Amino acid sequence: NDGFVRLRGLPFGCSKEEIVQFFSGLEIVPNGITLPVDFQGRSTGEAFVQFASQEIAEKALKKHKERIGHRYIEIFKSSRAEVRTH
């Protein structure tokens, strides 16, 4: 159970509080949200999220185009490999 997804479209400066609550009831591992510390990634609104299992990550994939504030959040399958080397 790798459990990784990739987000796109987050608001610039979107907080971890907003991302966790967007995924309310889908368990994220400790430090499971990886944010860009760079400007193009922040402008894209990229993040990676590591859920506690692939079964949980499969449920997260269904939230595609739900909102954080004004923005429609895009949700893609990902992997440990992609989080480490992106």
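In this text, residue numbers run from 1 along the sequence as written.
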property	result
Stretch with the greater mean C-alpha B-factor as recorded in the entry, comparing 7-15 against 74-82	74-82
Average Cα temperature factor in the PDB entry - higher stretch of 16-24, 65-73	65-73
Entry-reported Cα temperature factor of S43, expressed as the chain third it lands in	lowest
Where the record places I33 (Cα B-factor, split into thirds across the chain)	lowest
